[PDB]
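K.L.:
Below: one structure in structure tokens.
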Amino acid sequence: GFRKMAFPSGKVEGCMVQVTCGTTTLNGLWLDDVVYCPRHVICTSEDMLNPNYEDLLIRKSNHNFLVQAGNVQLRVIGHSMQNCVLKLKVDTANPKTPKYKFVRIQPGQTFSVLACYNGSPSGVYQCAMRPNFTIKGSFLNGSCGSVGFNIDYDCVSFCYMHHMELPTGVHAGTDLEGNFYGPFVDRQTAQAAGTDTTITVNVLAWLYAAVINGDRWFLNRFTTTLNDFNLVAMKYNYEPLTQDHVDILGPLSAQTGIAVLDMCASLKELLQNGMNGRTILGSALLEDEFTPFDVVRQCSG
Amino acid sequence: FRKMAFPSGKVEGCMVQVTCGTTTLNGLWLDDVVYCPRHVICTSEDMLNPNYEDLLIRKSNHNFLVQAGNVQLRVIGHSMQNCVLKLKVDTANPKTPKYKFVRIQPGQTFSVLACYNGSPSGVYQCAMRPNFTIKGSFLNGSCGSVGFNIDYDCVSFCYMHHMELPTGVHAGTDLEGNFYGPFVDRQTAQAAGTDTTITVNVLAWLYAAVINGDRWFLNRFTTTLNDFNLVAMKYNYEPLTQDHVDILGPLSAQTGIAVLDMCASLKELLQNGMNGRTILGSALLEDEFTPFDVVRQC
């Protein structure tokens, strides 16, 4: 019944440009009179093992940057670096600039990715930030600078800019202020993600969704403390819950009348006893890629 | 490996709200014409056996309220093509993309832009099921949402949403207003024919699993096309045509796995199951990726 559903991408499509240094092209995000893109656009292959980005930037001038919306050049009139992002001031304000914010998401939150190549969008899909600060994208060469976002009312919240792939095939990147999610750095080195864990808050959202749809065999008469639940959760490679997780489950708890800690007791029993050949929402597997917000969208609209 | 939808901006620029009485749904505004489901002209007294020709002749242009955002468009004419109402308006949409209307085949995929009150809400990839239903996420007010593919800068519209079935799947028309499947735009509980699994798509997805390093299900056995098809049909899988085998060529080459070798692996999965294992995260074989879908994303 539930599917991965992305936000409509049009407001973000109208902000995508390409940024080229020499023969190296990646994507950038054009908002008002600033283009945002990964700073490694200024790298050569020789620079990539461990670039001195500050040194590489001093040698760059505005006239070294080719910014294009489609085939139309956007003149660069200033440049600066903010953490791992390059900001290129341009001489034209993007007429399609939406209302927007830059947000830094928490692990477990979902967002839409507009996968782009040479400034042109190819596809849109929903991603979850894993607890180890990686995402399972579909990113090919040339996808850097593609962004992740959520849309609230008229307003686009940009939360992710793509920078790299890890040996295991997962992906890593920054917020739009250039700060990486997780311990990663933008160098052509092999870097390891932490062991991943299951996104507990999303599993709980899934159980609430099951209840909303009349599937509630797993509810019990008991409760737990948050600390007790977290200590058990960790033994099953589940993420510990935070206070923010408890809070964002508030609406679903209200919709069902099931206290968060009571659902935690139900989940604890599932982890300790298994499913015993039973299904939930038609699956023998628990799903962790739907947030409480995702559930409410697809259940209540 | 995840489902990927087409970027929806070209379609978002065409969505409007259409209202008649106490019924509101979505319309598609292309040039100076707005397309929408004709059941916008129904009421509760009509929905069970609506004589749409009688209902439509009794309507005036001024009974139709069309809003592009905060701007009302003036309806200067109306007509009906099968189950789609066509409202001529006095302004052309400058955001009209290059477009075509197509009727898709069962097994083909398309992107759905789900809308409510003329406002886009979500985008996702669907397949036209062999029984001509689609497994959508459509709520009250989603009617007139459209499905589409994009090729070059050209949008091919293939689906407009009309109804839900008691099993939770959905049914709709092409943009000429002809339903996919044996369904009717009346307020009745309708069942579909027996569904079948889209075999060529399952094979494409197994190839995707292989390209992604998942390969526990491969085997050295092989099979003929006909013997595979006999087993497929026993499990309510579509038989594989030679065209379908041809279409899988590029994925065969890329991975070096003969199509009929992948058929032999799928056969083993049908007869044995997956025994707790998963493929690309799923406990179930997925059939809503076409070979084209897999290739483009690889």
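Residue numbering restarts at 1 for every chain of the structure tokens, chains are lettered A, B, ... in their displayed order, and ligands are numbered from 1 as they appear.
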Report as a list in words all protein, DNA and RNA residues lying within 10 Å of range 292-296 of chain B, evaluated on only C-alpha atoms, omitting residues in the same chain fewer than 2 positions from it.
P.N.:
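Counting only the stated atoms, we get residues 122 of chain A; 1, 2, 3, 4, 5, 108, 109, 110, 201, 204, 205, 206, 207, 208, 247, 248, 250, 251, 254, 288, 289, 290 and 298 of chain B.
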K.L.:
Write out the residues from the selection above, keeping C-alpha atoms, as a JSON list (two decimals), in the first residue's frame.
P.N.:
```json
[["chain", "number", "residue", "atom", "x", "y", "z"],
["A", 122, "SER", "CA", 17.22, 12.91, -15.22],
["B", 1, "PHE", "CA", 18.35, 0.14, -6.83],
["B", 2, "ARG", "CA", 15.30, 2.39, -6.44],
["B", 3, "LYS", "CA", 12.32, 3.40, -8.52],
["B", 4, "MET", "CA", 12.99, 6.69, -10.29],
["B", 5, "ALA", "CA", 10.32, 9.03, -11.60],
["B", 108, "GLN", "CA", 5.04, -0.36, -19.42],
["B", 109, "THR", "CA", 5.88, 2.11, -16.68],
["B", 110, "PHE", "CA", 5.12, 5.78, -16.28],
["B", 201, "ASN", "CA", 10.35, -6.70, -15.89],
["B", 204, "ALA", "CA", 15.28, -6.78, -15.89],
["B", 205, "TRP", "CA", 15.24, -6.33, -12.11],
["B", 206, "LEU", "CA", 17.26, -9.53, -11.53],
["B", 207, "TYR", "CA", 19.80, -8.14, -14.00],
["B", 208, "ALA", "CA", 19.83, -4.96, -11.92],
["B", 247, "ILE", "CA", 14.74, -6.26, -25.41],
["B", 248, "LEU", "CA", 16.85, -7.80, -22.64],
["B", 250, "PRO", "CA", 21.70, -4.96, -23.71],
["B", 251, "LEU", "CA", 21.41, -6.13, -20.11],
["B", 254, "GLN", "CA", 26.48, -5.82, -19.95],
["B", 288, "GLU", "CA", 7.62, -2.59, -12.11],
["B", 289, "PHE", "CA", 11.03, -1.91, -13.70],
["B", 290, "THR", "CA", 11.20, -2.21, -17.46],
["B", 298, "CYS", "CA", 22.64, 2.01, -15.19]]
```
K.L.:
Running DSSP on the backbone, which parts of range 30-279 of chain B land in strand (DSSP E or B), as a PyMOL selection string?
P.N.:
chain B and resi 30+33-37+65-68+71-73+75-81+84-89+98-101+109-116+119-127+134+146-151+154-164+170-173+179+197+237+279
K.L.:
Write the selection just made, keeping C-alpha atoms, as a PDB file, in the first residue's frame?
P.N.:
```
ATOM      1  CA  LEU B  30      -2.512  22.384 -22.592  1.00  0.00           C
ATOM      2  CA  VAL B  33      -7.903  23.344 -23.504  1.00  0.00           C
ATOM      3  CA  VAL B  34      -8.306  21.825 -20.032  1.00  0.00           C
ATOM      4  CA  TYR B  35      -8.755  18.051 -19.860  1.00  0.00           C
ATOM      5  CA  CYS B  36     -10.338  16.426 -16.820  1.00  0.00           C
ATOM      6  CA  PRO B  37     -12.458  13.423 -15.799  1.00  0.00           C
ATOM      7  CA  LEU B  65     -14.926  26.888 -12.440  1.00  0.00           C
ATOM      8  CA  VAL B  66     -11.315  26.495 -13.586  1.00  0.00           C
ATOM      9  CA  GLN B  67      -8.541  28.004 -11.458  1.00  0.00           C
ATOM     10  CA  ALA B  68      -4.854  28.176 -12.353  1.00  0.00           C
ATOM     11  CA  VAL B  71      -6.535  33.059 -11.353  1.00  0.00           C
ATOM     12  CA  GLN B  72      -9.894  31.941 -12.719  1.00  0.00           C
ATOM     13  CA  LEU B  73      -9.910  30.923 -16.385  1.00  0.00           C
ATOM     14  CA  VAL B  75     -14.546  28.483 -20.055  1.00  0.00           C
ATOM     15  CA  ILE B  76     -15.676  29.389 -23.589  1.00  0.00           C
ATOM     16  CA  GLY B  77     -16.687  25.891 -24.697  1.00  0.00           C
ATOM     17  CA  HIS B  78     -16.967  22.283 -23.547  1.00  0.00           C
ATOM     18  CA  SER B  79     -17.127  18.833 -25.085  1.00  0.00           C
ATOM     19  CA  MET B  80     -16.702  15.210 -24.107  1.00  0.00           C
ATOM     20  CA  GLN B  81     -14.413  12.536 -25.560  1.00  0.00           C
ATOM     21  CA  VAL B  84     -12.621  12.925 -20.551  1.00  0.00           C
ATOM     22  CA  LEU B  85     -14.186  16.382 -20.527  1.00  0.00           C
ATOM     23  CA  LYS B  86     -12.504  19.044 -22.641  1.00  0.00           C
ATOM     24  CA  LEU B  87     -12.978  22.661 -21.544  1.00  0.00           C
ATOM     25  CA  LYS B  88     -11.888  25.353 -23.966  1.00  0.00           C
ATOM     26  CA  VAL B  89     -10.572  28.443 -22.185  1.00  0.00           C
ATOM     27  CA  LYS B  98       5.948  19.743 -26.274  1.00  0.00           C
ATOM     28  CA  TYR B  99       3.616  16.801 -25.763  1.00  0.00           C
ATOM     29  CA  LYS B 100       1.818  13.793 -27.180  1.00  0.00           C
ATOM     30  CA  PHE B 101      -1.052  11.611 -26.012  1.00  0.00           C
ATOM     31  CA  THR B 109       5.883   2.112 -16.683  1.00  0.00           C
ATOM     32  CA  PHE B 110       5.120   5.779 -16.276  1.00  0.00           C
ATOM     33  CA  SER B 111       5.451   8.559 -13.746  1.00  0.00           C
ATOM     34  CA  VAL B 112       2.395   9.790 -11.845  1.00  0.00           C
ATOM     35  CA  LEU B 113       2.085  13.367 -10.617  1.00  0.00           C
ATOM     36  CA  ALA B 114      -0.461  13.116  -7.821  1.00  0.00           C
ATOM     37  CA  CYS B 115      -2.381  16.366  -7.370  1.00  0.00           C
ATOM     38  CA  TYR B 116      -5.104  17.671  -5.057  1.00  0.00           C
ATOM     39  CA  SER B 119      -1.769  21.490  -6.614  1.00  0.00           C
ATOM     40  CA  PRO B 120       0.999  18.910  -7.195  1.00  0.00           C
ATOM     41  CA  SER B 121       1.702  16.785  -4.115  1.00  0.00           C
ATOM     42  CA  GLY B 122       3.948  13.854  -5.070  1.00  0.00           C
ATOM     43  CA  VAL B 123       5.547  12.003  -7.928  1.00  0.00           C
ATOM     44  CA  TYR B 124       6.145   8.309  -8.278  1.00  0.00           C
ATOM     45  CA  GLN B 125       6.663   5.533 -10.791  1.00  0.00           C
ATOM     46  CA  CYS B 126       3.838   3.097 -11.667  1.00  0.00           C
ATOM     47  CA  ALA B 127       3.407   0.215 -14.085  1.00  0.00           C
ATOM     48  CA  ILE B 134      -2.243   0.500 -11.451  1.00  0.00           C
ATOM     49  CA  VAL B 146      -1.928  12.305 -14.869  1.00  0.00           C
ATOM     50  CA  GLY B 147       0.732   9.770 -15.734  1.00  0.00           C
ATOM     51  CA  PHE B 148       3.466  10.488 -18.227  1.00  0.00           C
ATOM     52  CA  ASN B 149       6.858   9.669 -19.670  1.00  0.00           C
ATOM     53  CA  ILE B 150       9.401  12.152 -21.010  1.00  0.00           C
ATOM     54  CA  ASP B 151      11.546  11.651 -24.116  1.00  0.00           C
ATOM     55  CA  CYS B 154       8.539  15.924 -25.078  1.00  0.00           C
ATOM     56  CA  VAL B 155       5.965  14.771 -22.526  1.00  0.00           C
ATOM     57  CA  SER B 156       3.953  11.686 -23.470  1.00  0.00           C
ATOM     58  CA  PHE B 157       0.743  11.687 -21.415  1.00  0.00           C
ATOM     59  CA  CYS B 158      -0.618   8.173 -20.988  1.00  0.00           C
ATOM     60  CA  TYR B 159      -2.896   8.150 -17.916  1.00  0.00           C
ATOM     61  CA  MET B 160      -5.541  10.232 -16.175  1.00  0.00           C
ATOM     62  CA  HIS B 161      -6.843   9.053 -12.852  1.00  0.00           C
ATOM     63  CA  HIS B 162     -10.549   8.209 -12.285  1.00  0.00           C
ATOM     64  CA  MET B 163     -11.265   5.604  -9.616  1.00  0.00           C
ATOM     65  CA  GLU B 164     -10.267   3.178  -6.896  1.00  0.00           C
ATOM     66  CA  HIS B 170      -6.658   2.138  -9.210  1.00  0.00           C
ATOM     67  CA  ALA B 171      -8.092   2.593 -12.666  1.00  0.00           C
ATOM     68  CA  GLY B 172      -8.144   5.360 -15.203  1.00  0.00           C
ATOM     69  CA  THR B 173      -8.074   6.340 -18.834  1.00  0.00           C
ATOM     70  CA  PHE B 179     -10.343   3.313 -19.768  1.00  0.00           C
ATOM     71  CA  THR B 197       3.374 -10.770 -12.947  1.00  0.00           C
ATOM     72  CA  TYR B 237       3.704 -14.952 -14.735  1.00  0.00           C
ATOM     73  CA  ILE B 279      17.179  -9.384  -3.570  1.00  0.00           C
TER      74      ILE B 279
END
```
K.L.:
I need the contact residues of chain A against chain B, so if you could list those with any atom within 6 Å, counting only C-alpha atoms, and return them as a PyMOL selection string, that would help.
P.N.:
chain A and resi 5-10+123-125
K.L.:
Which residues come within 8 Å of residue 229 in chain B, counting only C-alpha atoms, excluding same-chain residues fewer than 5 positions away, as a list in words?
P.N.:
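Neighbouring residues, sequence-local ones excluded: residues 238, 239 and 240 of chain B.
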K.L.:
Can those selected residues be exported to a file as an mmCIF file, in the first residue's frame so that it contains C-alpha atoms?
P.N.:
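In the end it all went to part.cif:
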```
data_model
loop_
_atom_site.group_PDB
_atom_site.id
_atom_site.type_symbol
_atom_site.label_atom_id
_atom_site.label_comp_id
_atom_site.auth_asym_id
_atom_site.auth_seq_id
_atom_site.Cartn_x
_atom_site.Cartn_y
_atom_site.Cartn_z
ATOM 1 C CA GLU B 238 3.326 -13.580 -18.266
ATOM 2 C CA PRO B 239 5.018 -15.753 -20.890
ATOM 3 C CA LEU B 240 8.166 -14.241 -22.334
#
```
K.L.:
List the neighbours of residue 41 in chain B out to 10 Å using only C-alpha atoms; skip same-chain residues closer than 6 positions along the sequence, and give me the result as an MDAnalysis selection string.
P.N.:
chainID B and resid 19:24 47 50 52 55:56 58:59 63:64 85
K.L.:
Produce a file of the selected residues containing N, CA and C atoms, as a PDB file, in the first residue's frame.
P.N.:
```
ATOM      1  N   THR B  19     -13.896  22.749 -10.963  1.00  0.00           N
ATOM      2  CA  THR B  19     -14.993  22.563 -10.032  1.00  0.00           C
ATOM      3  C   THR B  19     -16.327  22.668 -10.748  1.00  0.00           C
ATOM      4  N   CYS B  20     -17.240  21.791 -10.346  1.00  0.00           N
ATOM      5  CA  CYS B  20     -18.629  21.822 -10.789  1.00  0.00           C
ATOM      6  C   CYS B  20     -19.480  21.511  -9.569  1.00  0.00           C
ATOM      7  N   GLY B  21     -20.294  22.475  -9.154  1.00  0.00           N
ATOM      8  CA  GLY B  21     -21.096  22.268  -7.960  1.00  0.00           C
ATOM      9  C   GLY B  21     -20.196  22.028  -6.767  1.00  0.00           C
ATOM     10  N   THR B  22     -20.441  20.929  -6.056  1.00  0.00           N
ATOM     11  CA  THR B  22     -19.636  20.551  -4.902  1.00  0.00           C
ATOM     12  C   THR B  22     -18.619  19.470  -5.242  1.00  0.00           C
ATOM     13  N   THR B  23     -18.188  19.406  -6.497  1.00  0.00           N
ATOM     14  CA  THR B  23     -17.188  18.439  -6.926  1.00  0.00           C
ATOM     15  C   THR B  23     -15.992  19.186  -7.491  1.00  0.00           C
ATOM     16  N   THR B  24     -14.817  18.903  -6.945  1.00  0.00           N
ATOM     17  CA  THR B  24     -13.585  19.547  -7.367  1.00  0.00           C
ATOM     18  C   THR B  24     -12.549  18.469  -7.622  1.00  0.00           C
ATOM     19  N   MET B  47     -24.226   9.424  -9.392  1.00  0.00           N
ATOM     20  CA  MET B  47     -22.983   8.671  -9.491  1.00  0.00           C
ATOM     21  C   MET B  47     -23.193   7.187  -9.759  1.00  0.00           C
ATOM     22  N   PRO B  50     -24.739   7.202 -14.104  1.00  0.00           N
ATOM     23  CA  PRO B  50     -24.721   8.543 -14.697  1.00  0.00           C
ATOM     24  C   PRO B  50     -24.882   8.494 -16.211  1.00  0.00           C
ATOM     25  N   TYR B  52     -24.022  10.395 -18.861  1.00  0.00           N
ATOM     26  CA  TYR B  52     -23.147  11.549 -19.011  1.00  0.00           C
ATOM     27  C   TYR B  52     -23.570  12.480 -20.142  1.00  0.00           C
ATOM     28  N   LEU B  55     -26.253  14.544 -18.700  1.00  0.00           N
ATOM     29  CA  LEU B  55     -25.722  15.464 -17.703  1.00  0.00           C
ATOM     30  C   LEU B  55     -25.001  16.621 -18.362  1.00  0.00           C
ATOM     31  N   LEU B  56     -24.271  16.342 -19.442  1.00  0.00           N
ATOM     32  CA  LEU B  56     -23.435  17.360 -20.059  1.00  0.00           C
ATOM     33  C   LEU B  56     -24.268  18.389 -20.813  1.00  0.00           C
ATOM     34  N   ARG B  58     -27.025  19.517 -20.071  1.00  0.00           N
ATOM     35  CA  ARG B  58     -27.679  20.349 -19.069  1.00  0.00           C
ATOM     36  C   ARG B  58     -26.705  21.314 -18.400  1.00  0.00           C
ATOM     37  N   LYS B  59     -25.425  21.280 -18.766  1.00  0.00           N
ATOM     38  CA  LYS B  59     -24.423  22.166 -18.190  1.00  0.00           C
ATOM     39  C   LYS B  59     -24.140  23.352 -19.104  1.00  0.00           C
ATOM     40  N   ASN B  63     -20.979  26.932 -15.528  1.00  0.00           N
ATOM     41  CA  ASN B  63     -21.021  26.018 -14.399  1.00  0.00           C
ATOM     42  C   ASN B  63     -19.649  25.447 -14.069  1.00  0.00           C
ATOM     43  N   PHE B  64     -18.678  25.608 -14.961  1.00  0.00           N
ATOM     44  CA  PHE B  64     -17.332  25.082 -14.772  1.00  0.00           C
ATOM     45  C   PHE B  64     -16.437  26.185 -14.234  1.00  0.00           C
ATOM     46  N   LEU B  85     -13.529  15.135 -20.194  1.00  0.00           N
ATOM     47  CA  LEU B  85     -14.186  16.382 -20.527  1.00  0.00           C
ATOM     48  C   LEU B  85     -13.119  17.345 -21.016  1.00  0.00           C
TER      49      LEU B  85
END
```
